[PDB]
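Note: ideal-geometry Cβ built from the backbone for every residue, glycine included; neighbour counts use all protein chains shown. No value in this document is a laboratory result; all are computed from the given coordinates.
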Amino acid sequence: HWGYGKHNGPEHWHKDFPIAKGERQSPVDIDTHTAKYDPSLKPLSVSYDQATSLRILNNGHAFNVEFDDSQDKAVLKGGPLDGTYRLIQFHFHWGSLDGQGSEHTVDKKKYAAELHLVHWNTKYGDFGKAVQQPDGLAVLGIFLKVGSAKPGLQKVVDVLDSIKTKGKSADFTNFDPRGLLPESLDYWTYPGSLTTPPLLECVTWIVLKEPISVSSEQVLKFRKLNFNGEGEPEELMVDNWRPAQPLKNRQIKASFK
Ligand SMILES: OC[C@H]1O[C@@H](O)[C@H](O)[C@@H](O)[C@@H]1O
Ligand SMILES: OC[C@H]1O[C@@H](O)[C@H](O)[C@@H](O)[C@@H]1O
Ligand SMILES: OC[C@H]1O[C@H](O)[C@H](O)[C@@H](O)[C@@H]1O
Ligand SMILES: Cc1ccc(S(N)(=O)=O)cc1
Ligand SMILES: Cc1ccc(S(N)(=O)=O)cc1
Ligand SMILES: [Zn+2]
């Protein structure tokens, strides 16, 4: 029943998900001047060469590209992380206009969209158990700005017409998520939460400093998706982002000096 409209959006979520007002909610504004270099961070390792994508799903909130997470095929390690985190899915948040869409902000600046690559800590066996743990998840967040096209995004763009409405899915095998990364892995990190209900406080956030560029045409196709199901009145899937939440008793650490 939650969503992004005036009547069911982020300002309403706390009534069914009281952790929405919790001590480690996401997203947050990243104040780049206050973030501190952390020499204790180990090198970050994004190891996606054996990733196995399976399917793309319109879940009524965003679209998820799902991966085979039945073994360590595509993993995130290092940086702030203790152990191995397995890629389960990625999705985006985006705006109705290029001037908004990201969840995290950088010195209050909003990007056109934000990519979330979602991983779970293998020590907990399954995603469901991982979301009962303070260190259960790691989300790699990547900002999107509008400029030149991102070649590695085009396959995603081109399948969206087949999953226009809530509940539709399509095969999405042999997709390489490495094509969605920027050149640099410089990042900020902090402890937070899922940014959608159930808002669980299980996430180590790793937000890359360098945005990727996508073309206007690519993001315009995101904005043709529908929140509604087939045959229902059309509600464009736009502005599916939660605003920044209070930082509370947290510090953002930087991987770079
Ligand atoms: O097909 C997408 C990707 O799938 C992975 O399993 C392969 O190891 C990569 O070489 C390939 O780019
Ligand atoms: O007490 C000093 C310590 O304060 C903490 O809040 C900072 O995260 C550390 O980087 C610093 O060394
Ligand atoms: O890699 C993701 C998808 O890209 C394109 O849609 C290909 O036609 C399809 O075979 C593949 O599953
Ligand atoms: C009608 C309705 C409105 C909002 C929600 S919430 N608290 O899940 O956002 C649920 C039902
Ligand atoms: C189930 C779930 C997974 C990941 C997220 S996010 N937007 O915090 O990456 C939210 C919900
Ligand atoms: Zn997300």
Put in order of increasing Cβ neighbours within 10 Å, starting from the fewest, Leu185, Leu140, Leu153 give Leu185, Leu153, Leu140
In Å and on Cα atoms, what radius of gyration and Dmax does the chain show? 17.2, 54
For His119, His93, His1, ascending order of other Cβ atoms within 10 Å (fewest first) is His1, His93, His119
For the pair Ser169 and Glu217, the simple spin-label estimate (label points 7 Å beyond Cα toward Cβ) gives in nm 3.1 nm
Across bins of 10 angstrom width beginning at 0, how are the C-alpha pair distances of segment 1-140 distributed, in whole percent? 10, 31, 40, 18, 1
Give me the net charge for the shell around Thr189: Cβ to Cβ below 9 angstrom, other residues only, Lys and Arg +1, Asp and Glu -1. 0
Quick one: dipole size for the chain, taken about the Cα centre, charges +1 on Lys/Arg Cβ and -1 on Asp/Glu Cβ, in debye to the nearest 20. 500 debye
Unit charges on C-beta of K, R, D, E only; dipole of segment 20-119, Debye: 100 debye
May I ask you to evaluate 6.51 cos²θ - 1.76 cosθ + 1.60, the Karplus curve with θ = phi - 60°, for each residue of segment 205-216 and list the ³J(HN,Hα) values in order in whole Hz, giving x for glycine and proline? 8, 10, 10, 5, 6, 7, x, 9, 9, 10, 7, 4
Can you give the calculated 222 nm mean residue ellipticity of the chain, where each DSSP H run of n ≥ 4 adds -39,500 (n - 2.57) and the sum is split over every residue, rounded to the nearest 500 deg cm²/dmol? -1500 deg cm²/dmol
Just to be sure I understand: with springs between alpha-carbon atoms less than 10 Å apart, which residue in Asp176, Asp161, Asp72 has the highest mean-square fluctuation in the Gaussian network model of the chain? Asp161
